[PDB]
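Take a look at the structure below.
Heads up, the Cβs are rebuilt from the backbone with ideal geometry, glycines too, and the neighbour counts pull from every protein chain shown. FYI, it's all coordinate maths here, none of it is from the lab.
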Protein chains: 4
Amino acid sequence: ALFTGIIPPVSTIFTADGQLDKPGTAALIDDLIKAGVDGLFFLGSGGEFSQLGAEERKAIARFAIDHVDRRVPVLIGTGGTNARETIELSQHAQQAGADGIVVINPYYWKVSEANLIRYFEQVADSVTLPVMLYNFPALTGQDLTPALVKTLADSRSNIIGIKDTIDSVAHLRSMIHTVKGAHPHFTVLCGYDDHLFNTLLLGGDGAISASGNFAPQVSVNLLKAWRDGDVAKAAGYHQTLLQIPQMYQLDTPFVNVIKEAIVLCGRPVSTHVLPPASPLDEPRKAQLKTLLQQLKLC
Amino acid sequence: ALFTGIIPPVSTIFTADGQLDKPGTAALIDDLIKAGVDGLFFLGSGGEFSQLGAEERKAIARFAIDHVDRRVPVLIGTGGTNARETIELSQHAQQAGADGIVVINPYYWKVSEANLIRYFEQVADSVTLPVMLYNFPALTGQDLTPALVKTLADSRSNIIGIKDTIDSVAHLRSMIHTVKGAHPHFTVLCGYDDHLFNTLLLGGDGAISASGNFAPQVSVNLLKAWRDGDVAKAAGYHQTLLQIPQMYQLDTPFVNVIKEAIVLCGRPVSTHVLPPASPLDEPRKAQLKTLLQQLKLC
Amino acid sequence: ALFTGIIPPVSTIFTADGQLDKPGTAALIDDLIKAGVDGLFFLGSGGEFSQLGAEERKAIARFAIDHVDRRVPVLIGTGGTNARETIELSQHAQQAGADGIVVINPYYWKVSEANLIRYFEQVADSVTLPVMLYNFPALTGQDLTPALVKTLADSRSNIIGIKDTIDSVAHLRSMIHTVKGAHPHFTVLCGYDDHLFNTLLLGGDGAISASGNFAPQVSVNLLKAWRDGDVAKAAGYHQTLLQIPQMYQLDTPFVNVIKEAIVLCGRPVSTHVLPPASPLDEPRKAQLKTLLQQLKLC
Amino acid sequence: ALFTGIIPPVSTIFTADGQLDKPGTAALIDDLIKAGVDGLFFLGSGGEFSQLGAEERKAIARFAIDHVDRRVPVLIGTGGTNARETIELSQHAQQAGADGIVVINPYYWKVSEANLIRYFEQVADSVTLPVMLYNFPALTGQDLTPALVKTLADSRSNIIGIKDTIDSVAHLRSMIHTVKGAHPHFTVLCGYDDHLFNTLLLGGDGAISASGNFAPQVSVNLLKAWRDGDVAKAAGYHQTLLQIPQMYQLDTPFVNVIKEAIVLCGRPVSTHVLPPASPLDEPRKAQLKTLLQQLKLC
Ligand SMILES: O=C[C@@H](O)CO
Ligand SMILES: O=C[C@@H](O)CO
Ligand SMILES: O=C[C@@H](O)CO
Ligand SMILES: O=C[C@@H](O)CO
Ligand SMILES: [Mg+2]
Ligand SMILES: [Mg+2]
Ligand SMILES: [Mg+2]
Ligand SMILES: [Mg+2]
């Protein structure tokens, strides 16, 4: 199974003038590697892919891949609505040295099932890399159902996992039973911090969740305890992860919150975000701070 | 805090001719008491309240209350769309000796917030019993938001808990923070089996969930392990409860499934259900059987 | 085609204690007949079926049928969640002299398609009357799709029409093409005032809409003009119907608004509504009055 | 009031390699102008903006503006998720000679109301052109409510209209009453063919709808008849517009259907569409042909 364990959706650090902040993004990457994560995912939702132009995404991917320098597996988010662009970004990712790509369903038009399957098959045909699907129905307005995902896995042998981003135990359960029941090495990662523990107990593989950026140790330690058979210890970490998603209510998009949390938890990066996100206000920064303090994360 | 712990939504047993089956309902009640449940809830969703007429509901409630004979706390579900009937059923419950009532929001019209608050205040004023709210937005089409529930708890001191029936960690978390933060003894019970563990870890109080009927021991033992501080053991039980809700996909309504599971797990009752539910077919009964066998529950 | 044209969902008039107000209900009935409606529908949504007990519904139906005394066709709404009660209320309606029944899908559980089909077939088989389906997905949470309605019409020859209560030209169009295409004499009536004209232009049959109660002449004259081939005149009436539904925003449920409008338009009936509806406040009554005045309806 | 009347969302014609087909696009533009439309809108949903790259969008806009050569007002769709790009594309439009821009809400993240308002203010402040809002909640997952639109119009005097793309009479009515009530010259255009007649009768201003591409004469003649006071004639054209949208069910996205209809109605342009749209199959092309024949459009 590929891309299992804890794989953060890394925040992209920008300067106050809105350019890629290489020193800060590099420092964040190095913090996460040092924390023991199993991989890194750039240009996810929290990486601001949807607020970046294609050339910007290419430049950020190349930078990140080269900085990681093969220390851990690297995933690049290459999706969008422009399918020709998805292919271009995906081929660019493979040429630049990525280990895999992560592809959401098109999220403007909710295309027909025939078109959706074709789209994923075309993207998967365009690269030799492993492809992770990305389900985020709250934002896309179109669910990647366990049945559909199984059909995709049956069709292309490089479609090998999913980031299932949904506050639903039923969806994670059914994804695992349906897809992993046919393809035991297909990877199921939850996209929310508070579903990691359940995902493992259900027979899934890990998480790609925003708290990976500012508190990776919580998820890394949970996974380690689980793998060591220390369930009580894993449940302890889980109690923390259950509470963390309160912070994401502070703003929408909450990409600002995540970067403010990176700062609060001890890595001083520019927290600039791209429009239509905006800077978190001071009152809400203090609220975030009190949450992190109550959970003992700063 | 009232009505905490494991409180099954007890199935109502009917004969093949569609009458209350007293010996079978009584035997089920006695099994659940013997299993160590903290209470019993009659005429919930799984108790078929919505397929019963008012006079039938009164007769069932009286019978159940009388059979239980104060061995454990008894809740009666008294809700519907007809608010005058809600009041009648609730006063009847109090006269018959119930310990509390459980009241869903009206689920045909999704009434204005002013009307909704007024409805609950009137119902709560009609009895001196404790009132548990019932949130089931997938069926009602109107969520009881944590803010609203807090407003209700602030308004009437007998509105003392909620059965929050939703596959959402965020909803449970927020219900607990918002309502229990203002009213530390307000009771938050989850309505789905696979959220019991998380509900406890989040600072909530228990569950009213269908598996209480046929595998009460799993929830009772989880709660006991949690109260004893043996979190690993509680997590073990949780791994089971994570899987159980697959069975509910076998039919809709799944009241048939629950009764078939009672039979398969060792209590031979008539499994008749009221229309528009219908008998579970033999293939799906076998499927249910294989599910219960895999989880070691029969 | 049965039950075509303008058929108001007649308001049920109550005294302050919530009992049937026979003189007021009768006067309303006579006003509508005198206005030239094609039929009358009692115990629809606007008739407060869902806030009335089964015995109450039977008394109201008997009264209404008897008062109408065969002057126009009479439809009784017999639906709910309790399917045994549906059958009882439907057989009661037939015995009491109703010309047809109107049956909504169960709206607590959204039952499986197999259960839903079986429900409607059983209800249709319980009577020898014509049966009109009732679609109100905003309230029921489960759409009766054109495909499903076609399947029902294909299955039972007494399932002969629908009240399609949705603000959707596409839904009405597709209902008409899919069902009337297979069953040219199946009756399609929209449930909203502002869709009557389009319904007629699409090949449908009329409307069961709330403004039937207080401004029947608008819909009756629209229909007459359309049948006489005076499309410009019909469009003139449509311009009024397009505006009327603003008033329904004044409260939820808006059964109060409709009765207040009956009073304002010249018929002094009690405006009492059953809980959890409540009286319309004086400021909103004055707003309703201004709107009616601007549309030249009082 | 600006940009009133019939303004087609013009299809973008491509060669097989997915590049702009200048002769075919120009011919289409000339056909529409000759048909008497009041304006032209490029790079709307039907113009495939969300499957085009930013440089491609700029090239298309420039070409279209230039070909139109001020014969009618020109709108350019400049929206997306990347707000910096929205500003670039909007300023580019103004520099290229557009008369106005059309901006949808960001449709990946459904951003907070504060962020949404700020977004629209920033885009409006980036140009001195008139700005038309674009509401398409079926695709965006976030409705621009009449209250929000009013707040935007109150805030910026160059936010001067909306393409309200929704199958809802209530939404159009309320948009008109709430926004035009406060801003009588704010332009309200429906985005669907079957809502033009109602939109005019409600006090709105026209339509930007896909049938503008292949049957502009229907909407142009409807509008002329309405302005001339010949309501019966207008209603006759409406009967045709009521039926046209059945064709859009032939695929999703239906940008293919629209181009095939342009061909079938007598203008031979390439029907190539960008992925993830795909070619319409021959059976569905024949079905489309039969429909157009039945409505007397080819
Ligand atoms: O992946 C989704 C994130 O926002 C939550 O961790
Ligand atoms: O009683 C609630 C049902 O959803 C079963 O858990
Ligand atoms: O019939 C539907 C009601 O909501 C009023 O038209
Ligand atoms: O504007 C939206 C179009 O597809 C409908 O005409
Ligand atoms: Mg993220
Ligand atoms: Mg239940
Ligand atoms: Mg009504
Ligand atoms: Mg279009």
For this session: Please find, within the stretch B:100-115, the residue that is farthest from the other protein chains (Cβ to nearest Cβ) out of those that are assigned to a helix (DSSP H, G or I) and without any contact (Cβ under 8 Å) to a residue 12 or more places away in the chain.
Result: B:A114
For this session: Looking only at the stretch D:145-185, count how many residues are under 17 Å from the mean Cα position of the chain (by Cα), farther than 19 Å from C:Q243 by Cα and not β-branched (V, I, T).
Result: 2
For this session: Name every residue in the stretch D:60-96 that is within 14 Å of another protein chain (Cβ to nearest Cβ) and not β-branched (V, I, T), in order of residue number.
Result: D:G77, D:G79, D:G80, D:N82, D:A83, D:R84, D:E85, D:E88, D:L89, D:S90, D:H92
Exercise. Identify, please: which residue in the stretch A:19-36 is closer than 24 Å to A:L189 by Cα and out of contact with any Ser or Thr (no Cβ under 8 Å at 6 or more places or on another chain) and is, among those, nearest to ligand 5 (Cβ to nearest atom)?
Worked result: A:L32
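Quick one: which of C:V10, C:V74, C:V68, C:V37 is farther than 23 Å from C:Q95 by Cα and more than 16 Å from ligand 8 (Cβ to nearest atom)? It would help to see each step written out before you state the result.
Values: C:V10 fails: farther than 23 Å from C:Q95 by Cα; C:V74 fails: farther than 23 Å from C:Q95 by Cα; C:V68 fails: farther than 23 Å from C:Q95 by Cα.
The unique qualifying residue is C:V37.
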Problem set entry | Residue list for the stretch B:242-260, restricted to those being over 16 Å from B:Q294 (Cβ atoms) and within 14 Å of chain C (Cβ to nearest Cβ) | B:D251, B:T252, B:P253, B:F254, B:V255, B:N256, B:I258
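Which residue, of A:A16, A:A59, is more than 15 Å from ligand 5 (Cβ to nearest atom), of a type in the set (A, V, I, L, M, F, W, C) and not in a helix (DSSP H, G or I)?
Numbers: A:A59 fails: not in a helix (DSSP H, G or I).
The unique qualifying residue is A:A16.
Could you check the stretch A:265-291 and list, in sequence order, the residues that are farther than 24 Å from A:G53 by Cα and either within 21 Å of the chain's Cα centre (by Cα) or surrounded by 20 or more Cβ atoms within 10 Å (Cβ to Cβ) (or both)? Spell out how you get there, then give the answer.
Step one: of the stretch A:265-291, the residues farther than 24 Å from A:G53 by Cα are A:265-268, A:281-291.
Scanning the stretch A:265-291 gives A:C265, A:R267, A:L288.
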Seminar exercise, completed: D:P216: passes all of (1) within 14 Å of another protein chain (Cβ to nearest Cβ); (2) in contact (Cβ under 8 Å) with a residue 12 or more places away in the chain; (3) farther than 24 Å from C:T199 by Cβ but (1)
Problem set entry | Residue tally, condition within 13 Å of D:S126 (Cβ to Cβ) and touching a residue at least 60 places away in the same chain (Cβ under 8 Å), over the stretch D:89-99 | 0
Exercise. Which one is nearest to ligand 6 (Cβ to nearest atom), of the residues in the stretch A:219-241 that are under 18 Å from the mean Cα position of the chain (by Cα) and within 14 Å of chain B (Cβ to nearest Cβ)?
Worked result: A:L241
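With the structure loaded, tell me whether D:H238 is outside any loop (DSSP other than H, G, I, E, B), out of contact with any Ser or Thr (no Cβ under 6 Å at 6 or more places or on another chain) and away from ligand 7 (no atom under 16 Å from the Cβ) or whether it fails that test.
Values: outside any loop (DSSP other than H, G, I, E, B): yes; out of contact with any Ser or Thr (no Cβ under 6 Å at 6 or more places or on another chain): yes; away from ligand 7 (no atom under 16 Å from the Cβ): yes.
Considered against the rule, which asks whether it is outside any loop (DSSP other than H, G, I, E, B), out of contact with any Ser or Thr (no Cβ under 6 Å at 6 or more places or on another chain) and away from ligand 7 (no atom under 16 Å from the Cβ), D:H238 comes out as yes.
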Problem set entry | Number of the exception - B:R118 against (1) more than 10 Å from every other protein chain (Cβ to nearest Cβ); (2) under 30 Å from C:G80 (Cα atoms); (3) basic (K, R) | (1)
Problem set entry | Number of the exception - C:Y119 against (1) within 27 Å of D:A170 (Cβ to Cβ); (2) of a type in the set (F, W, Y); (3) without any contact (Cβ under 8 Å) to a residue 60 or more places away in the chain | (1)
For this session: Could you run through the stretch B:252-264 and say how many residues are crowded, with 22+ Cβ neighbours inside 10 Å and under 24 Å from C:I117 (Cα atoms)?
Result: 8
Exercise. Failed condition for A:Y192, given (1) touching a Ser or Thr at 6+ places or on another chain (Cβ under 8 Å); (2) more than 10 Å from chain B (Cβ to nearest Cβ), with all others met?
Worked result: (2)
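If you scan the stretch D:148-172, which residues turn out to be more than 16 Å from ligand 7 (Cβ to nearest atom) and within 12 Å of another protein chain (Cβ to nearest Cβ)? First the steps, then the outcome.
Quick first cut of the stretch D:148-172, residues more than 16 Å from ligand 7 (Cβ to nearest atom) only: D:148-169, D:171-172.
If the condition is that a residue be more than 16 Å from ligand 7 (Cβ to nearest atom) and within 12 Å of another protein chain (Cβ to nearest Cβ), then D:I166, D:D167, D:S168, D:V169, D:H171, D:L172 are the ones that fit.
Could you please give the count of residues in the stretch A:265-295 that are under 15 Å from A:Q217 (Cβ atoms) and either free of Cβ contacts under 8 Å to residues at least 24 places away in the same chain or in a helix (DSSP H, G or I) (or both)? Steps first, please.
At the first step, the residues of the stretch A:265-295 found to be under 15 Å from A:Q217 (Cβ atoms) are A:265-267, A:292, A:295.
Filter once more, so that each one left must be either free of Cβ contacts under 8 Å to residues at least 24 places away in the same chain or in a helix (DSSP H, G or I) (or both): A:292.
Looking only at that region, the number is 1.
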Problem set entry | Failed item, numbered, when D:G46 is tested on (1) under 20 Å from D:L274 (Cβ atoms); (2) away from every other protein chain (no Cβ under 14 Å); (3) in a loop (DSSP other than H, G, I, E, B) | (2)
For this session: Could you figure out which of (1) free of Cβ contacts under 8 Å to residues at least 60 places away in the same chain; (2) crowded, with 24+ Cβ neighbours inside 10 Å isn't true of D:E55?
Result: (2)
Exercise. In the stretch C:261-291, what count of residues is obtained for those that are more than 11 Å from every other protein chain (Cβ to nearest Cβ), aliphatic (A, V, I, L, M) and closer than 17 Å to C:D21 by Cα?
Worked result: 3
Exercise. Among the residues of the stretch C:31-43, is any within 24 Å of C:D143 (Cβ to Cβ), part of a loop (DSSP other than H, G, I, E, B) and among the aromatic types (F, W, Y)?
Worked result: no
